[PDB]
């Protein structure tokens, strides 16, 4: 069993200068104790939009389709409120038949701009997948931008390599972070 080292390595998508400003946040929110047979990754996406514009989208646990690809539908409770412990039933059209992903809201901090979720059921999902997303505001000479960090820990399926597990999960997260950046940059350019 070891502690992940995401705070010691510049993630793809981030400059070293930005990283040095985020060291304590990555230590606090994007560190995991991982066992053999588990892997973990940290991904970053720069967004030319204000933090609260990005956070308003990121934080909608009931509307993953607004920032993620391959979401056919998402159902929550009749009296769903945005509280830790809530679940969502996502139908993912990344293959046929569409898969069910039952996901738990693990963290929601509107002050610190932190959220995260765990896959707790469904079919054809990653085993023991948990992720955390944080949103960070940057300024330089009056210019403003945002950095989104997203990390996960996941079990490596027996019969699969850690290399492929990481390649799959990284590709999904990165593509969704790119959708997040497009959606929020459009809102920023337009509103």
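Numbering follows the first chain given and starts at 1.
Comparing 102-110 with 70-78, the stretch with the higher mean C-alpha B-factor in the PDB entry is 70-78. The PDB entry reports B-factors from which the mean C-alpha value can be compared for 174-182 and 8-16; the larger average falls on 8-16.
Highest CA B-factor among 115, 118, 94, 83, as stated in the entry: 83. In the PDB entry, the Cα temperature factor peaks, among 44, 156, 51, 57, at 156. Among the modelled residues of its chain, residue 31 has a C-alpha B-factor that falls in the middle third, as given in the PDB entry. Sort the chain's modelled residues by C-alpha temperature factor and residue 133 lands in the lowest third, per the entry. Among all modelled residues in this chain, the alpha-carbon of residue 151 has a temperature factor (C-alpha) in the lowest third. Residue 64: CA B factor in the lowest third of modelled residues in this chain (values from the PDB entry).
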